[PDB]
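In this analysis, Cβ positions are derived from the backbone assuming ideal geometry, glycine residues included, and neighbour counts consider all displayed protein chains. The values are calculated or read from the model by the stated rules, or taken from the named source; these are not laboratory values.
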Amino acid sequence: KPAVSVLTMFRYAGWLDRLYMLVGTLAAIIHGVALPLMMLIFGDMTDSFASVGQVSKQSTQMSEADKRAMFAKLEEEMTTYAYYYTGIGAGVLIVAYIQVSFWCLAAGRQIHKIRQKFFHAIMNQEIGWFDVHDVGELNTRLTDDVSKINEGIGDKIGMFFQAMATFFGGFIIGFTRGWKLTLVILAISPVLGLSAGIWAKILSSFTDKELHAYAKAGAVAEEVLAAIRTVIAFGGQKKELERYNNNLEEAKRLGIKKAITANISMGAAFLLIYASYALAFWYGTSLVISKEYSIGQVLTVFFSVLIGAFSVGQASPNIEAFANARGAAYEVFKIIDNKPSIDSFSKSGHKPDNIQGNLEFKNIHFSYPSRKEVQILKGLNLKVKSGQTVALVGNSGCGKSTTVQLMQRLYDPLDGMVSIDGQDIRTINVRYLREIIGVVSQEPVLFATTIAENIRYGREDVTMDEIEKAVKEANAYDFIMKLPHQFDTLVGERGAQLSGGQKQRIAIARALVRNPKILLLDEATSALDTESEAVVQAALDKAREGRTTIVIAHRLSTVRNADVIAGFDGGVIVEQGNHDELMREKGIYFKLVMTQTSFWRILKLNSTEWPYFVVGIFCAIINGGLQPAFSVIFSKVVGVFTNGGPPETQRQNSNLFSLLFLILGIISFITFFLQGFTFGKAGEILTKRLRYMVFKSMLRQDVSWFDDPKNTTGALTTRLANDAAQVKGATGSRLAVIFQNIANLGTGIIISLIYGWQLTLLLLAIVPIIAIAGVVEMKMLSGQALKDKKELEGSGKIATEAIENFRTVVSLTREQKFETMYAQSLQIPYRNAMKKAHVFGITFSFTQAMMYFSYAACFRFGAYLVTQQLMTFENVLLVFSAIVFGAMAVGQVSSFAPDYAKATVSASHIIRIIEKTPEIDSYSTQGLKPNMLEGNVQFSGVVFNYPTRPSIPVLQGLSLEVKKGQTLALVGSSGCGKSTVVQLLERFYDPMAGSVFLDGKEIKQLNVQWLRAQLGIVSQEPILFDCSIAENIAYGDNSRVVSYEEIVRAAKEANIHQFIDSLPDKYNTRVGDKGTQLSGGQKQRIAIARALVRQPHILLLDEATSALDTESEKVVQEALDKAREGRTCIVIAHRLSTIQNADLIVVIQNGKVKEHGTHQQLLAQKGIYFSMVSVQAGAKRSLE
Amino acid sequence: XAXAXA
Amino acid sequence: XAXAXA
């Protein structure tokens, strides 16, 4: 929204910059005017051949006589025109170079200054300014916004003015050559302009707004893959796949509809373009027959005006470029223009000598920039004598730290004054104040350089001797000297991570090199190990004795030796004095003291449809064959009119052409819509097949794969959408266009080649060169782009280091250091940006000059050698068209290149994800399917390590046995060991060693589905999909539809019926947060219902009461208790009071069963279980 | 500019 | 598509 003035943005351009911009925009306007002048001569050429074209055919008597005057006229005229063209070429060359080079130079020269000034301004901000702002946003703002600004003031301006110049010049020549055709075309201008803009909007659809139509399936996919363990447990995979398939089924239909409409639109647009284009020309001919216009003039004005018309369209984007740049420059300059109160880059104020370090805080009221919300310091009074050391203590609020905060003048106080020696702190220079004050902070930071440098960040001028004495006086010498590389060792976030105390000591050394008169120590001893604490404490004590010191910490071991101790309450200073006095006071201090004591294989998948392709390619080849027919006509339109001879026959002939001229148009509506519709419908179907085959195979994989940190629901849904979205683009429109373009160039080149002898062979030498010359330029553009990104990446890295740790660097000053380093970092990209302008200009001008010089060789060879022969102009005009547009059609091959690459990378994954097979597949029909109902469960010598974390074993030699119709209670110290039983019985994993049986058969050889079909699993936080609760209950049994009275019975067994009959919708109510909300109790009871609607022989209750409270636990436990006792059961629940009735209790220890037996037996014994029960039991009594 | 001629 | 650019 907010923007910037035009003159302020360029404030950093002076002297040579303005000159570059002037000469640049000048040369640009010249370059702009250059083109329409080309089309102006083109009419004069037509008149030359037209004058001879009429006279040559008018004779029909003498032959040789026509070999004299005509050839001479063509000689002088063609030579003149060619000379001019050659003249234009050098011009466009020079002016192009000047333009792009100068503008790029200006841009670079400015942006450099912008960056430097901006970073300086960033560093110049006071801390209060940072406290209210996001640093990440600010740095990213730097790096991105400066780039936007760069894009804005760049060569884009030259292009804009050049476009405006083509616009004006085109319309000038257009009007001056004649007024009528221009206005007619100006009636055409809105018509066509309305068509082309819409066409472009239709093409751009590939970016993702696609969610609106698709997301319906994505929702199913997400809740499924989020619920994967539940759908796995209940084996409802076929259903989920079905749902997803249905949603896809809808999606494809919406897709083909969109395809139809879009194709119709594009076709209609093309028709409008055709019709108008032809109509204007027909009116032109209608004007030529009246002898009001020359045949060439028509061409001149037509092309000049249309040029002028589209110039606008291609001009517009540069406006937005300059537009965005102002808006970006706003927030940038805001910081540069911002002048703070504190500065610290300022040289001003007193720099006192012989500071004794007498400090006093007088009546200081303060609040951080949370402002009125909280006032932390209400009044204050404090003094500290020179050479003394004061210790600040407090219960909370950290008003203690506030003093150290203010003493550096990071903030100026609301009311009151802090006074160092006799003078107000605000009278003395900031930098000097900061330099006379040393600081040691709780969390020490070390910038990434050698230790020496970090010690050198104390003072820029220092010798290794001072470093040595400094670290040795901090007693950090030993620890670092033992380290390799000596002082040259590396430190930072990345690499050489050291002990906190060591880092603190290095910090103290850095502070010690500062040789400060004033020392501020804030909780530097705190948040550190007790052993190294004394080591660092020695240093801290040794860091004093030359200085006055204010210290703050939570450890009262260091306070006793302080000269004065100061307590705070609610921001109010209260207790002050020596230790004994404060202990005699028995106040806050005493209180705290006492308190602390080549893949075509996917193309083979599209081979499902043999048709729908041949149609589109045949049609698109016919379109490819239809395209140059447009050029053949235009040739003969101007051709017969030039070759006319007697005029009488012309009017009818020109009129029959303009008819036909349109006839290829209307037929172009049929063919274009076809090849777009066949390829489109073909695109939406395989998108169903792929996503269906991808998703399916994703439900095949076991839990082992879903536990992978590499694969998460979002990543899977993303991988699911993208690849399927991408492969469509490669097999889609692009291919059709390529075939259309090769067919286009092919038919074009056949016609051209068979008509012009060596006229075409010539062009085929020229055209592939300028095309390849066009591609290589884009390659150099990306190379310089990537290389530049890498260099500023290094300069942006030192900025991030500076502004993220900023609150430290301000304390140490040396911001100027980072200024200098940042500059030296920038210096390399700067010299690089100078070469950029030199290159960008040459590559541009070379490509323009080649196209203009090529245009000279065109008519020069077309005339002279060819026209001196019996070969004719009408063919020349045909060939140039045909060939050049064959080329401009080939350009789309280069333009469409990356799609296949991206699609290949995306098509690489999508096959792999299908071809991947699991260890345990739920799809296999193999496995025993025993006939015997009664379950038991045998765990024997089981060892299990989770595939994700094969470090700490959960299970080692676990062995369990539980008979039918009896409850197995499972207790454990902690961990998934209790759950892993339930996970392994469901067979999400096969254990590393050992084995598990049910009826005595090994489940490993058993059918997986049949196995999971007999299990009653109920988890902690049951996930219910969005659908009727009856459908969530009916989810308990698949491959069969559940009866109403059955889910009723199951609902009755689960005691949820109170809710279900209470709801307005009853069993048809929707749950899962889309249509309704329920608490954990209802959800759980539903889980119970779906558990026992399955009628399992084995119930598995995994911490069912985990998240729950009050009566809910009671009723749910009642339900669960009612659910069991008729079945085999394994209950791991954390309430042991509810396990007191269990057939077998088993205490798990380190993966081995430790204690096992009935409650009273484990109670008779005194051991782990007794403790487990004793700790939680009577805790209710402790709660009383 | 789309493909026919504009 | 004749000579200017269409």
> In region A:246-274, which residue that is surrounded by 17 or more Cβ atoms within 10 Å (Cβ to Cβ) and closer than 17 Å to A:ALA219 by Cβ is nearest to the other protein chains (Cβ to nearest Cβ)?
Replying inline: A:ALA251
>> Residues that are hydroxyl-bearing (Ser, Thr, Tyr), within 14 Å of another protein chain (Cβ to nearest Cβ) and touching a helix residue (DSSP H, G or I) at 6+ places or on another chain (Cβ under 6 Å): list the helices (runs of 4 or more DSSP H) wholly contained in region A:576-668 that include at least 2 such residues.
In response: A:629-642
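From the list A:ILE883, A:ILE914, A:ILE920, which one is surrounded by 15 or more Cβ atoms within 10 Å (Cβ to Cβ), away from chain C (no Cβ under 14 Å) and part of a helix (DSSP H, G or I)? Can you show your working first?
On the way: A:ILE883 fails: away from chain C (no Cβ under 14 Å); A:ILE920 fails: part of a helix (DSSP H, G or I).
Result: A:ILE914 is the single residue among A:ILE883, A:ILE914, A:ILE920 that is surrounded by 15 or more Cβ atoms within 10 Å (Cβ to Cβ), away from chain C (no Cβ under 14 Å) and part of a helix (DSSP H, G or I).
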>> Which count do you get for residues in region A:616-656 that are within 54 Å of the chain's Cα centre (by Cα) and either within 18 Å of A:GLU874 (Cα to Cα) or not hydrophobic (A, V, I, L, M, F, W, C) (or both)?
In response: 16
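Go over the candidates A:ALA476, A:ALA543, A:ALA524 one by one and state the one that is over 28 Å from A:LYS385 (Cα atoms), of a type in the set (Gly, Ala, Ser) and touching a helix residue (DSSP H, G or I) at 6+ places or on another chain (Cβ under 7 Å).
Working: A:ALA543 fails: over 28 Å from A:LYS385 (Cα atoms); A:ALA524 fails: over 28 Å from A:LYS385 (Cα atoms).
Being over 28 Å from A:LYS385 (Cα atoms), of a type in the set (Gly, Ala, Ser) and touching a helix residue (DSSP H, G or I) at 6+ places or on another chain (Cβ under 7 Å) holds for just one of A:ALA476, A:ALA543, A:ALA524, which is A:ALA476.
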> Do the conditions hold for A:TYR612, that is, is it hydroxyl-bearing (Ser, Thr, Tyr) and in contact with a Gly (Cβ under 8 Å, 6 or more places away or on another chain)?
Replying inline: no
> What pairs come up if the first residue lies in region A:1130-1146 and is in a loop (DSSP other than H, G, I, E, B), the second is of a type in the set (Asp, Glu), and their beta carbons are under 7 Å apart, counting only those six or more places apart or on different chains?
Replying inline: A:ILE1132/A:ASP1102; A:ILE1132/A:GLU1103; A:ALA1133/A:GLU1103; A:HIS1134/A:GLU1103
> What strands (runs of 3 or more DSSP E) completely inside region A:511-571 contain at least 1 residues that are closer than 16 Å to A:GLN442 by Cβ and of a type in the set (D, E, K, R)?
Replying inline: A:518-522
> Which numbered condition trips up A:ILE1023, out of (1) surrounded by 20 or more Cβ atoms within 10 Å (Cβ to Cβ); (2) closer than 26 Å to A:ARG1135 by Cα?
Replying inline: (1)
>> Looking at region A:1084-1118 only, could you name the residues that are assigned to a helix (DSSP H, G or I) and crowded, with 21+ Cβ neighbours inside 10 Å?
In response: A:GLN1084, A:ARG1085, A:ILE1086, A:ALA1087, A:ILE1088, A:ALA1089, A:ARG1090, A:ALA1091, A:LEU1092, A:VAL1093, A:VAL1116
> In region A:19-26, is there at least one residue being part of a helix (DSSP H, G or I), assigned by CATH to the domain that holds A:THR143, in contact with a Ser or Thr (Cβ under 6 Å, 6 or more places away or on another chain) and surrounded by 21 or more Cβ atoms within 10 Å (Cβ to Cβ)?
Replying inline: no
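Conditions (1) within 14 Å of chain C (Cβ to nearest Cβ); (2) surrounded by fewer than 18 Cβ atoms within 10 Å (Cβ to Cβ), marked per residue:
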{"site": "A:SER276", "(1), (2)": "yes, no"}
{"site": "A:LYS291", "(1), (2)": "no, yes"}
{"site": "A:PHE302", "(1), (2)": "yes, no"}
{"site": "A:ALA325", "(1), (2)": "no, no"}
{"site": "A:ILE335", "(1), (2)": "no, no"}
{"site": "A:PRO340", "(1), (2)": "no, yes"}
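Confirm whether A:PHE859 is closer than 30 Å to A:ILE295 by Cβ, within 14 Å of chain C (Cβ to nearest Cβ), touching a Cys at 6+ places or on another chain (Cβ under 7 Å) and not small (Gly, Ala, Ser).
Values: closer than 30 Å to A:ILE295 by Cβ: yes; within 14 Å of chain C (Cβ to nearest Cβ): yes; touching a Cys at 6+ places or on another chain (Cβ under 7 Å): no; not small (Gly, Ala, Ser): yes.
So A:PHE859 fails the test.
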> Across region A:289-336, what is the total count of residues that are of a type in the set (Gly, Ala, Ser) and not in a helix (DSSP H, G or I)?
Replying inline: 2
> Just for region A:190-221: of the residues that are among the small types (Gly, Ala, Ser), surrounded by 11 or more Cβ atoms within 10 Å (Cβ to Cβ) and within 14 Å of chain B (Cβ to nearest Cβ), which one is farthest from A:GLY680 (Cα to Cα)?
Replying inline: A:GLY193
>> For the list (1) within 14 Å of chain C (Cβ to nearest Cβ); (2) more than 30 Å from A:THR671 (Cβ to Cβ); (3) not basic (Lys, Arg), I need the number of the one condition that A:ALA309 fails.
In response: (2)
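Which of the following residues is assigned to a loop (DSSP other than H, G, I, E, B) and of a type in the set (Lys, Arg): A:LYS1154, A:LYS1180, A:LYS1122, A:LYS1166?
Values: A:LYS1154 fails: assigned to a loop (DSSP other than H, G, I, E, B); A:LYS1180 fails: assigned to a loop (DSSP other than H, G, I, E, B); A:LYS1122 fails: assigned to a loop (DSSP other than H, G, I, E, B).
Being assigned to a loop (DSSP other than H, G, I, E, B) and of a type in the set (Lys, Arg) holds for just one of A:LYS1154, A:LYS1180, A:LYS1122, A:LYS1166, which is A:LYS1166.
From the list A:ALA889, A:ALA907, exactly one residue is away from chain C (no Cβ under 14 Å), under 30 Å from A:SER598 (Cβ atoms) and assigned to a helix (DSSP H, G or I). Which is it?
Numbers: A:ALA889 fails: away from chain C (no Cβ under 14 Å).
Criteria check complete, one pass: A:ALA907.
Working only within region A:113-129, note down all residues that are within 15 Å of A:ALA799 (Cα to Cα) and assigned to a helix (DSSP H, G or I).
Here is the first cut: in region A:113-129, the residues within 15 Å of A:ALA799 (Cα to Cα) are A:114-125.
Result: A:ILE114, A:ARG115, A:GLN116, A:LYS117, A:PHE118, A:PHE119, A:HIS120, A:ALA121, A:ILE122, A:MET123, A:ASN124.
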> Going through region A:777-830 one residue at a time, which ones are among the hydroxyl-bearing types (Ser, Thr, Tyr) and surrounded by 15 or more Cβ atoms within 10 Å (Cβ to Cβ)?
Replying inline: A:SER795, A:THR800, A:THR808, A:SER811, A:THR813, A:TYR822, A:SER825, A:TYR830
> In region A:1001-1045, what residues are under 30 Å from A:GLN926 (Cα atoms) and among the charged types (D, E, K, R)?
Replying inline: A:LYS1001, A:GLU1002, A:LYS1004, A:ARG1012, A:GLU1031, A:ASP1037, A:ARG1040
> For residues in region A:659-697 being of a type in the set (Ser, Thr, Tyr) and within 30 Å of A:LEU720 (Cβ to Cβ), which is nearest to the chain's Cα centre (by Cα)?
Replying inline: A:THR687
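This table checks each residue for (1) within 14 Å of chain B (Cβ to nearest Cβ); (2) in contact with a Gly (Cβ under 6 Å, 6 or more places away or on another chain); (3) not β-branched (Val, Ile, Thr).
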position	(1), (2), (3)
A:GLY128	no, no, yes
A:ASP131	no, no, yes
A:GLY136	no, no, yes
A:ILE149	no, no, no
A:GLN162	no, yes, yes
A:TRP179	no, no, yes
A:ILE185	yes, no, no
> How do the pairs read when you match residues in region A:179-201 that are closer than 12 Å to A:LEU306 by Cα with residues anywhere that are of a type in the set (S, T, N, Q) and surrounded by 14 or more Cβ atoms within 10 Å (Cβ to Cβ), using Cβ under 6 Å and keeping only pairs 6 or more apart or on different chains?
Replying inline: A:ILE188/A:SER276; A:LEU192/A:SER276
> What residue, of A:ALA1123, A:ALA1142, A:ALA1133, A:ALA1107, is closer than 20 Å to A:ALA1034 by Cβ and hydrophobic (A, V, I, L, M, F, W, C)?
Replying inline: A:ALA1123
> In this structure, is A:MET888 surrounded by fewer than 20 Cβ atoms within 10 Å (Cβ to Cβ), within 30 Å of A:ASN643 (Cα to Cα) and out of contact with any strand residue (DSSP E or B) (no Cβ under 9 Å at 6 or more places or on another chain)?
Replying inline: yes
